[PDB]
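> My sequence and its experimental structure, below.
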Amino acid sequence: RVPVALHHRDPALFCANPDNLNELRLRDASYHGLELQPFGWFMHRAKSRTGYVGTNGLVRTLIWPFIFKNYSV
Amino acid sequence: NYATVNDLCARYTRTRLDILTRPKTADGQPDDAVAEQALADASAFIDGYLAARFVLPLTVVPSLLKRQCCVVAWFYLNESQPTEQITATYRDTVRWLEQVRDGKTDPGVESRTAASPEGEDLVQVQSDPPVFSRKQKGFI
């Protein structure tokens, strides 16, 4: 029983739990949000900077130079 | 014409208007067509002085233009021997019309509804279609 296809879902579909702020939960129009079904969600959290799941992305650092460069251009 | 003879004979006494008009007619009796012709010539004068920055078949007539037509018609009707004051007031209204043409003074409005006469675009510029302007919400 092995995987036959790995579909990359859009990252916007996942909202972090308001509690413990480190468990990605599939959005289901709920306050807590639907948790991930076990053994069915390949999650890779690449933490370049220590912190929570939303913080550790490089978009937090790169949004400012992006804005400055594109406005200047 | 901007002003009717019934207004020129009110601002200026009708008896003096008859005195000025009765020689000019062919018969020699008081006439009304002479005054209307003078008013038409004065209205043509004002029209020429206003067509610089207005659509000349005026949608709304400024209320002072009746006075400005009566004075010019009166001066045009005293061309043989005018009083000094008539000449001075004619020079004043020519100065006012020059100021209106230049842009120093607007003619006014219709006193009934305070509407200013429209006119063609004094200033008009055309450029190539705008690209990379801030209105292009793309990119950014």
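Looks like it arrived, so ask away. Residues are numbered from 1 along each chain as shown, chains lettered A, B, ... in the order given.

> quick one: contacts for residue B:78?
Counting by C-beta atoms under 8 Å, 6 or more residues apart in numbering or on different chains, residue B:78 touches B:20, B:86. For the C-beta atoms, the positions are set from N, CA and C on the backbone; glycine is no exception.

> Tell me how far it lies from residue B:35.
Distance of residue B:78 to residue B:35, given as C-beta to C-beta, to the nearest Å: 12 Å.

> Repeat that for residue A:27.
Counting by C-beta to C-beta, the gap from residue A:27 to residue B:35 is 88 Å.

> Mind checking which of those two has more residues around it?
Using other C-beta atoms under 10 Å in any protein chain shown, the more surrounded residue of residue A:27 and residue B:35 is residue B:35, with 25 against 12.

> The more buried one against residue B:7, yeah?
No: using C-beta atoms under 8 Å, residue B:35 makes no contact with residue B:7, being 10.3 Å away.

> Quick check: phi and psi on the most centrally placed residue in chain A?
What sits nearest the mean C-alpha location of chain A, by C-alpha atoms, centre = their mean, is residue A:11, with 5.4 Å. Backbone geometry at residue A:11, expressed as degrees, to the nearest 10, gives phi -60, psi -20.

> For it, give its distance to residue B:46.
74 Å.

> Burial check on residue A:53, number of neighbours?
So residue A:53, with other C-beta under 10 Å, has 16 neighbours.

> ok, it - contacts?
A:16, A:21, A:22, A:23, A:24, A:45.

> Write the ChimeraX selection for whichever of those residues are buried.
To isolate the buried ones among the contacts of residue A:53 in ChimeraX, judged by 16 or more other C-beta atoms under 10 Å in any protein chain shown, type:
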select /A:24
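
> Tabulate the contacts of residue A:53 (CSV), appending distance to residue B:53 and secondary structure.
Supplementary listing: the contacts of residue A:53 in CSV, determined by distance: C-beta to C-beta, whole Å; DSSP: H, G, I helix; E, B strand; the rest coil:
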residue, distance to residue B:53, secondary structure
A:16, 66, strand
A:21, 68, coil
A:22, 72, coil
A:23, 73, coil
A:24, 69, strand
A:45, 71, coil
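
> is it possible to export the contacts of residue A:53 to CSV including distance to residue A:65?
Shown next, in CSV, are these (distance: C-beta to C-beta, whole Å):
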residue, distance to residue A:65
A:16, 25
A:21, 27
A:22, 28
A:23, 31
A:24, 27
A:45, 24
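
> Which pair of the contacts of residue A:53 spans the longest distance?
A:21 and A:45 (12.5 Å; C-beta to C-beta).

> mind checking the backbone torsions on the residue sitting nearest the centre point of chain B?
The centre of chain B sits closest to residue B:46, judged by C-alpha atoms, centre = their mean, with a distance of 3.5 Å. Per-residue torsions, residue B:46: phi -60, psi -40 (degrees, to the nearest 10).

> so what's it up against?
B:2, B:65, B:68, B:69, B:72, B:97.
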